[PDB]
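Survey of secondary and tertiary structure
Spelled out from the first residue to the last, the chains are:
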Amino acid sequence: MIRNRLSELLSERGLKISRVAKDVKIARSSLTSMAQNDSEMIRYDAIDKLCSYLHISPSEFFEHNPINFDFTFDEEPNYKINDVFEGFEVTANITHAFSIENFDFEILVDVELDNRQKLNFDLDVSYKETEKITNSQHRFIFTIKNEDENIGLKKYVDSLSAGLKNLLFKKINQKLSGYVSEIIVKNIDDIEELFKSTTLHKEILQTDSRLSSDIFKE
Amino acid sequence: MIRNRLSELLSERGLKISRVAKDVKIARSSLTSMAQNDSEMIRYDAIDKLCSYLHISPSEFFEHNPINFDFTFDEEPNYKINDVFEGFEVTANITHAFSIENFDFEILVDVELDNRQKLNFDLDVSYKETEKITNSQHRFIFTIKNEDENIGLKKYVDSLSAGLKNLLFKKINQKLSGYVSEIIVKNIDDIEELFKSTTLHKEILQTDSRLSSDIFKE
Amino acid sequence: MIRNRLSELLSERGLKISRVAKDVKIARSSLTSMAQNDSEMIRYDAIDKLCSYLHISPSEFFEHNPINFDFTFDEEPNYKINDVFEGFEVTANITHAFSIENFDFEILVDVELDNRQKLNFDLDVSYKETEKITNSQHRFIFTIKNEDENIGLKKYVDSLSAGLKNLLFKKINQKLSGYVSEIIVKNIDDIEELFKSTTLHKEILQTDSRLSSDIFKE
Amino acid sequence: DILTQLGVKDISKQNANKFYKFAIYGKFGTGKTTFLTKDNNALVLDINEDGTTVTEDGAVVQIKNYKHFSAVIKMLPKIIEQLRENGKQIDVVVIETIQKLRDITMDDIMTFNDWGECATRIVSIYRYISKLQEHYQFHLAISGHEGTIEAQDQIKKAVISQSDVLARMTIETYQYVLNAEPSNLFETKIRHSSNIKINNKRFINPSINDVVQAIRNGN
Amino acid sequence: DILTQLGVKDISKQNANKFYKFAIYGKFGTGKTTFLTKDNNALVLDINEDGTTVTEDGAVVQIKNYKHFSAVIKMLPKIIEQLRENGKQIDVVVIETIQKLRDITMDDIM
Ligand SMILES: Nc1ncnc2c1ncn2[C@@H]1O[C@H](COP(=O)(O)OP(=O)(O)OP(O)(O)=S)[C@@H](O)[C@H]1O
Ligand SMILES: Nc1ncnc2c1ncn2[C@@H]1O[C@H](COP(=O)(O)OP(=O)(O)OP(O)(O)=S)[C@@H](O)[C@H]1O
């Protein structure tokens, strides 16, 4: 686990992203992406320009923790989806377009310690309900079936610092949302609205699924 | 007779097939096939990786019994099949497509003892009825005509361990289902449904025939 | 590590390979290959026929040891080869065709214990001389440069049974011979004899290289 | 039995409880749907329309897509069983408009090749419904708009041939009467056995039951 | 529920409180708008015309463009909620002229 601390440092000093980009001569879009931990690679030039600009040693810029987590999703999931019809084309409410009877699968997590020794925990996740976050948008909610057998996994998770924990939760969710969305888009055909145009597939991809479980509390 | 004991060992230890495949670096599909006794050959590498992983000696992995059975099916069977018409094309109920007036033949079984001496038993099998296991699927049922002359064969069969006996019963059935299905598909022409498409031949091949007799009780 | 014990069992009982092949109805060529540990896969049918024929349990047929060794050869070796000319075409003595000034590289060995813990040993191997086993055939001899740092590797090797140790030594040599031979054949062009015909490349491939070191004593 | 091996079957037993198909074509506001659902024991598969208001009781399923139409027909056996299990009485399955079936099938296939395929879809539907019709004892009824029923002959030919009773409903105080009496101006046909005689082929305030009783028992 | 999975629904419950649509065609000066707004609980979407004078109470929205027409229809759910929140009673939505709908849609497609 490792993340850049640029977002926190800039907030304490109170400098805005726009001013920093203008001075360090780094394009705003790249600096914003790097402010989030979204980017995968960082150019040596960026590490020095920023470190000289904020009088921060390279140590401060990066937060490290020897722990390391891995997540694998089953190649073959069990999914049943029933078309609901009900004229979704008029009002864009996904529930009208399709309903999930049951979607369950397994995620295998390996918590590698600082020592070479690793621990294996197996999580089984099932569909529960489709919550409506806002009138136009919904979030599929999935709950871990077995949590009592995997209580130990929680002890390793909360040991991380808050910043790393928020990063890990984003990673587990982004993957889950991509996995479930990709499976559904294939089974259900797209429907285009009468009255720019928002096809059903585009709405399904936009939809996000967030795991609801005791292990992850944030 | 010889079978792998992987399915039983994994169940007692409680390990799932997915986790074992990820660790021993063996592809899930191969490990699942080998979990069943379907595969014909096993790679030396697989025997050692699994044996080191479950702390099991090679002895435990394989179950052996000196008995050995052989089955031969008559090249020329006596079969009479009468087309029923009745618009099978609309509803996929095999009975409508064709009816078996009478299908009888002989299966020759040689029970070779541990000693060189072998015993020969001759079984005559005839058609009885077509049971409907589910609304969409049926199982042809064949009954052995002479069982009193071949009572001794039963004494050799039940002497095997339960795991070997279940394997032998699968082998006798798989062959029977292939034999009868292949004969019928040739005599009856295929009919394609009006409303993916399931032709009559595909349904006939899917159909399974299970022998019903006192000798085999499981 | 795992090997078939067929060669030893047949020798004690005194049965010849030809008679066993005729009885168990297994082709001589396959049984001979399986008598050696050359084959990679064994058919379940072979394990039972032989076990019933020699009244041996499956346990006896296979010898197992939880230890496991891995060998990796450097992708980029350092090699210098100088053409000697001297009319090799007349007399087929490889030395006349080419001379190795110096060929050195590294082999990385990982001795994985029964426990998950593994030990890493790094071997550096260099060319020493080309011994003449017979007038028409030679064996390149390579000696490990650093052996004192890797004394511990020897303690793990001699712990194996003699049959497994002989197998491991064959595996390390076969790979070495293929590695060095493939490198040389590319650098030196082939020369065909005046007076069936034996080209230089064919002779180089036939040539075998055996590692000479304290760690491996057999 | 060579008889049983072939499809030969006795007529007296077949015509005893047969469920007849009914095609009723009418002009606008002739209350054609009223007739079909007057019995209050009907399942209406309406297409891109909602005329269930005239009906008092029954089950109605809107059809919005050709795909939706295929699904309901394929699962129709299962459906009939459930409504009957709920206690709802379904004796007749009604398709509100033949012209809409032409429109939807055309979209699914989208020339004379196209028209022939459209006819093939229509003929296939009737054959499928009929085999279930004998199995589940449900009368079938299809209704269309006058423009003879308006459509292309290939469809008309198939519909008229298969339909047992074809009737035209007109309003003649004003009275609502279904006239199946033979006539050059409009085409009607009611099928009854030689012994059965229809003294009156015009029915005022008609219902599917009344027609059934007239065609089975003496008018 | 296979019934619920498909759209099959009971008629007795559907026809109990159904809101019927009403089309009223009339000659000039027949007081056709009076009928629609007599209840004084109506929202009139008049098109390029102003006949709200005959009505005593209610809400009237002039429609001047096809674009304006599309917007009011799309946001009509939100609108009904607000007039009811203000306490205005809307039970019927009226489009004054079908011929004007022909004229506006024609301009949009031309
Ligand atoms: N001899 C008859 N006397 C009186 N009415 C008759 C007579 N024959 C037929 N009908 C009438 O015609 C009906 C039967 O018509 P069908 O025999 O089906 O006609 P069809 O021309 O043979 O067949 P399609 O299918 O209409 S081309 C009877 O139920 C009567 O209404
Ligand atoms: N129920 C009624 N009783 C008596 N007079 C009425 C009635 N309804 C309408 N009127 C008369 O008609 C007037 C209203 O006519 P409108 O409602 O404007 O006619 P309209 O046909 O709806 O509209 P246009 O613009 O004339 S086509 C009232 O002021 C009365 O003079």
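Residues numbered from 1 in each chain as written, not as in the entry; some residues may be left out. Chains lettered and ligands numbered in written order. Part of a larger assembly, values for the part shown. Heavy atoms only, no water.

Method of determination, as given in the entry header: cryo-EM; reported resolution: 3.35 Å.

On to a nonpolar patch on the surface, then. A surface patch of nonpolar side chains, about 490 Å² in accessible area, is lined by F85 of chain B together with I2, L3, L6 and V8 of chain D. Take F85 of chain B: it is sitting in the loop between strand 5 (78–83) and helix 6 (94–97). According to the relative accessible area criterion, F85 of chain B is partly exposed, its value standing at 48%. (Patch = residues over 30% accessible without salt bridge, like charges linked within 9 Å, V, L, I, M, F, W, Y side chains within 5 Å. Areas by Shrake-Rupley, 256 points an atom, 1.4 Å probe, with all protein chains shown as cover. Salt bridge = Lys/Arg side-chain N within 4 Å of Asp/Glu carboxyl O. Helix = DSSP H or I, 4+ residues; strand = E, 2+ residues; numbered from the N terminus. Buried < 20%, exposed > 50% of the residue type's maximum accessible area, 1.4 Å probe, protein only.)

Let us now look at the pairing of strand 6 (residues 118–131) of chain A. All names here are of chain A. As judged from the 9 bridges shared by strand 5 (residues 98–112) and strand 6, these two strands associate in the antiparallel manner. If you follow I107 over to strand 6, its bridge partner there is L123. The loop that links strand 5 with its antiparallel partner strand 6 comprises 5 residues. Pairing geometry for strand 6 and strand 7 (residues 139–144), over 6 bridges, is antiparallel. Counterpart to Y127 in the pairing with strand 7 is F142. (Pairing = 2+ DSSP bridges.)

Attention now goes to the packing of aromatic side chains. Applying the stated criterion across every chain yields a total of 41 aromatic pairs over all chains. Where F103 of chain B meets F105 of chain B, the ring centres are 5.4 Å apart and the plane angle is 85°; that geometry is what we call edge-to-face. Note on accessibility: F103 of chain B and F105 of chain B belong to one class, buried. Members of the aromatic cluster, joined through ring pairs, are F73, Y79, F103, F105, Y127, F142 and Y179 of chain A. (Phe/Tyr/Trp six-rings, centres within 6.5 Å; stacked < 30°, edge-to-face > 60°.)

Here we take up the sheet that holds strand 8 (residues 202–204) of chain D. If you trace the 9 strands from one edge of the open sheet to the other, you get 8(D)-7(D)-6(D)-1(D)-5(D)-4(D)-2(D)-3(D)-1(E), paired in mixed fashion. This sheet does not close on itself; its edge strands, each paired only once, are strand 8 of chain D together with strand 1 (9–10) of chain E. Alignment of strand 7 (residues 176–179) of chain D against strand 8 of chain D, held across 3 bridges, turns out to be antiparallel. Bridge pairing in strand 8 of chain D places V177 of chain D opposite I204 of chain D. Where helix 9 (residues 208–216) of chain D meets the sheet, it contacts strand 1 (21–26), strand 4 (92–95), strand 5 (139–145), strand 6 (165–171) and strand 8 of chain D, and its direction lies at approximately 125° from that of strand 1 of chain D. (Contact = heavy atoms within 4.5 Å. Axes fitted to C-alpha atoms, helices over the stretch in contact; angles between N-to-C directions.)

Residues and elements named next belong to chain D. Lining the immediate environment of ligand 1, one finds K189, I190, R191 and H192. Take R191: an N or O atom from its side chain is 3.5 Å from an oxygen atom of ligand 1. Measuring from an oxygen atom of ligand 1, one finds a backbone N or O atom of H192 at 2.7 Å. Each residue belonging to the shell around ligand 1 can be placed in one class, and the counts come to 1 nonpolar, 1 polar and 2 charged. (Near = heavy atom within 4 Å. Polar contact = N/O pair within 3.5 Å; in protein donor to acceptor, adjacent residues only side chain to side chain. Nonpolar A, V, L, I, M, F, W, Y, C, P; charged D, E, K, R; others polar.)

This part takes up helix 7 (residues 151–158) of chain B. Residues and elements named next belong to chain B. For helix 7, the complete set of buried residues consists of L153, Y156 and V157. Mapping the buried residues of helix 7 onto a view down its axis gives an arc of 100°, with all of them on the same face. Buried residues in helix 7 make contact with strand 4 (68–73), strand 6 (98–112), strand 7 (118–131) and helix 8 (162–187). (Arc of directions from axis to C-beta.)

Residue and element names in this part refer to chain E. Near ligand 2 you find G29, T30, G31, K32, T33, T34 and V54, and these make up its full shell. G31 places a main-chain nitrogen or oxygen 3.0 Å from an oxygen atom of ligand 2. Backbone polar atom of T33 to an oxygen atom of ligand 2: 2.7 Å apart, as the coordinates give it. Protein chains shield 42% of the accessible area of ligand 2, which is 650 Å² for the free molecule. Taken together, the residues of the shell around ligand 2 break down into 1 nonpolar, 5 polar and 1 charged.

Another point: the interface of chain B and chain C. Between chain B and chain C, the contact holds 20 residues from the first and 20 residues from the second. Overall, the association of chain B and chain C removes approximately 2,200 Å² of surface from exposure, summing both partners, and the carbon and sulfur fraction of that is 60%. Among the residues chain B hides against chain C, the three largest losses belong to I2, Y44 and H64 of chain B. Together they make up 30% of the total. Between chain B and chain C we count 0 salt bridges in total. Here chain B and chain C share 6 residue pairs in polar contact between them. Breaking the side of chain B that touches chain C down by element, the ones donating at least two residues are strand 1 (2–4), strand 2 (41–43), helix 4 (44–53), helix 5 (58–61) and strand 3 (62–64) of chain B. (Buried area = accessible area lost by both parts, 1.4 Å probe.)

This part is about the interface of chain D and chain E. The interface is formed by 20 residues belonging to chain D together with 14 residues belonging to chain E. When chain D packs against chain E, close to 1,400 Å² is buried across both sides, 58% of that on carbon and sulfur atoms. For the pair chain D and chain E, the interface holds 2 salt bridges. A salt bridge links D10 of chain E to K88 of chain D, with the nearest nitrogen and oxygen atoms 3.7 Å apart. Inspection of the region where chain D meets chain E yields 8 residue pairs in polar contact. Elements with a minimum of two residues in the side of chain D that touches chain E: strand 3 (59–60), helix 4 (66–74) and helix 5 (76–86) of chain D. By residue number, the principal contributor to the side of chain D that touches chain E is helix 5 of chain D, which donates 4 residues. Residue composition of the side of chain D that touches chain E, by class: 8 nonpolar, 8 polar and 4 charged. In the sheet, strand 3 of chain D pairs with strand 1 of chain E via 2 bridges, with the strands oriented antiparallel. In the sheet register, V60 of chain D faces strand 1 of chain E, and the bridge partner there is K9 of chain E.

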